[PDB]
Amino acid sequence: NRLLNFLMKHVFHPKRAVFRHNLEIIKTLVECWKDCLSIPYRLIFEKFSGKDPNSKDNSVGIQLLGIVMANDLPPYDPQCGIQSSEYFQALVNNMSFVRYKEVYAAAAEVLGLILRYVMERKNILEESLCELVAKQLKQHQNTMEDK
């Protein structure tokens, strides 16, 4: 657990190849561990909860959530981190950060992954975030048809 939380803290490293290397190490770690779960939240929230959308600074958290979702494990927030209705609101609000193509399309895809898992795992919260992303999209059909 201490290794996983430290290594998931130290990720960024401004060059691209070392970033892809570190993401491969973290992905392979949670791929092979699976049993001492200790999947750490609230630092991912600290990663993608940024304002001022002239900054490619929320890529790390959405990519880490896509890492943890592409395997398995649910992103259950209101058990040890913070309340879910603000967490998902932070995610769907970063979906509107339409300046850099690395953040909003990625957030849209990982939102699709979230919805696809939470539909089949039948717990009744999928209608709220489905309505929230639909609210973002209905905001988006009038103003910018491309995006």
# chains A, B, ... in the order shown; residues from 1 in each chain; ligands from 1
>>> residues_around(residues="residue 98 of chain A", least_positions_apart="6", cutoff="12 Å", atoms="only C-alpha atoms", output="list in words")
residues 52, 53, 54, 55, 56, 104, 105, 106, 107, 108, 140, 144, 146 and 147 of chain A
>>> write_last_selection(atoms="C-alpha atoms", output="CSV table (one decimal), in the first residue's frame")
chain,number,residue,atom,x,y,z
A,52,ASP,CA,-8.4,27.8,-14.9
A,53,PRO,CA,-8.8,25.8,-18.2
A,54,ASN,CA,-5.7,27.1,-19.9
A,55,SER,CA,-3.8,24.3,-18.2
A,56,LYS,CA,-3.2,20.7,-19.2
A,104,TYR,CA,-11.9,16.9,-22.7
A,105,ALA,CA,-12.1,14.1,-25.2
A,106,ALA,CA,-10.3,11.8,-22.7
A,107,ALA,CA,-12.8,12.9,-19.9
A,108,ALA,CA,-15.6,12.1,-22.3
A,140,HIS,CA,-23.2,22.0,-25.6
A,144,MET,CA,-20.4,24.9,-30.1
A,146,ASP,CA,-18.1,20.9,-33.2
A,147,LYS,CA,-17.3,20.2,-29.5
>>> residues_around(residues="residue 57 of chain A", least_positions_apart="4", cutoff="12 Å", atoms="only C-alpha atoms", output="ChimeraX atom specification")
/A:12,14,44,46-53,61-63,94,97,100,102-104
>>> closest_atom_pairs(of="segment 68-121 of chain A", to="segment 26-40 of chain A", cutoff="12 Å", atoms="only C-alpha atoms", output="JSON lines")
{"residue": "A:68", "atom": "CA", "partner": "A:30", "partner_atom": "CA", "distance": 7.7}
{"residue": "A:69", "atom": "CA", "partner": "A:27", "partner_atom": "CA", "distance": 10.6}
{"residue": "A:70", "atom": "CA", "partner": "A:27", "partner_atom": "CA", "distance": 9.5}
{"residue": "A:71", "atom": "CA", "partner": "A:31", "partner_atom": "CA", "distance": 7.1}
{"residue": "A:72", "atom": "CA", "partner": "A:31", "partner_atom": "CA", "distance": 9.2}
{"residue": "A:73", "atom": "CA", "partner": "A:39", "partner_atom": "CA", "distance": 8.5}
{"residue": "A:74", "atom": "CA", "partner": "A:39", "partner_atom": "CA", "distance": 9.7}
{"residue": "A:75", "atom": "CA", "partner": "A:39", "partner_atom": "CA", "distance": 9.0}
{"residue": "A:76", "atom": "CA", "partner": "A:39", "partner_atom": "CA", "distance": 10.0}
{"residue": "A:77", "atom": "CA", "partner": "A:40", "partner_atom": "CA", "distance": 10.2}
{"residue": "A:79", "atom": "CA", "partner": "A:40", "partner_atom": "CA", "distance": 11.5}
{"residue": "A:80", "atom": "CA", "partner": "A:40", "partner_atom": "CA", "distance": 9.0}
{"residue": "A:81", "atom": "CA", "partner": "A:40", "partner_atom": "CA", "distance": 8.6}
>>> atom_distance(atom1="atom CA of residue 132 of chain A", atom2="atom CA of residue 117 of chain A")
16.6 Å
>>> select_by_dssp(residues="chain A", states="alpha helix (DSSP H)", output="PyMOL selection string")
chain A and resi 2-9+16-32+43-48+59-71+84-94+104-120+126-143
>>> residues_around(residues="residue 11 of chain A", least_positions_apart="6", cutoff="12 Å", atoms="only C-alpha atoms", output="list in words")
residues 4, 5, 17, 18, 19, 20, 21, 22, 23, 24, 25, 26, 27, 43, 44, 47, 59, 60, 61, 63 and 64 of chain A
>>> write_last_selection(atoms="C-alpha atoms", output="PDB file, in the first residue's frame")
ATOM      1  CA  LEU A   4       1.405   2.085  -4.404  1.00  0.00           C
ATOM      2  CA  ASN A   5       0.448   5.404  -2.836  1.00  0.00           C
ATOM      3  CA  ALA A  17       8.590   8.816 -22.536  1.00  0.00           C
ATOM      4  CA  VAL A  18       9.179   8.757 -18.789  1.00  0.00           C
ATOM      5  CA  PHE A  19       5.493   9.574 -18.282  1.00  0.00           C
ATOM      6  CA  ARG A  20       4.479   6.597 -20.434  1.00  0.00           C
ATOM      7  CA  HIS A  21       7.009   4.483 -18.529  1.00  0.00           C
ATOM      8  CA  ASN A  22       5.605   5.487 -15.130  1.00  0.00           C
ATOM      9  CA  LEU A  23       2.049   4.866 -16.299  1.00  0.00           C
ATOM     10  CA  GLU A  24       3.087   1.411 -17.494  1.00  0.00           C
ATOM     11  CA  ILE A  25       4.620   0.674 -14.084  1.00  0.00           C
ATOM     12  CA  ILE A  26       1.515   1.824 -12.174  1.00  0.00           C
ATOM     13  CA  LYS A  27      -0.797  -0.055 -14.548  1.00  0.00           C
ATOM     14  CA  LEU A  43      -5.362  12.306  -4.672  1.00  0.00           C
ATOM     15  CA  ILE A  44      -6.946  11.530  -8.024  1.00  0.00           C
ATOM     16  CA  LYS A  47      -5.280  15.682  -9.665  1.00  0.00           C
ATOM     17  CA  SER A  59      -4.743  14.904 -17.572  1.00  0.00           C
ATOM     18  CA  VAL A  60      -3.041  12.909 -14.823  1.00  0.00           C
ATOM     19  CA  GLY A  61      -6.151  12.153 -12.793  1.00  0.00           C
ATOM     20  CA  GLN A  63      -5.673   8.981 -17.087  1.00  0.00           C
ATOM     21  CA  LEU A  64      -5.233   7.347 -13.676  1.00  0.00           C
TER      22      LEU A  64
END
>>> closest_residue(among="A:93, A:6, A:111, A:42", to="residue 78 of chain A", atoms="only C-alpha atoms")
A:42
>>> atom_distance(atom1="atom CA of residue 120 of chain A", atom2="atom CA of residue 137 of chain A")
22.7 Å
>>> closest_residue(among="A:7, A:114, A:92, A:145", to="residue 126 of chain A", atoms="only C-alpha atoms")
A:114
>>> atom_distance(atom1="atom CA of residue 110 of chain A", atom2="atom CA of residue 131 of chain A")
16.1 Å
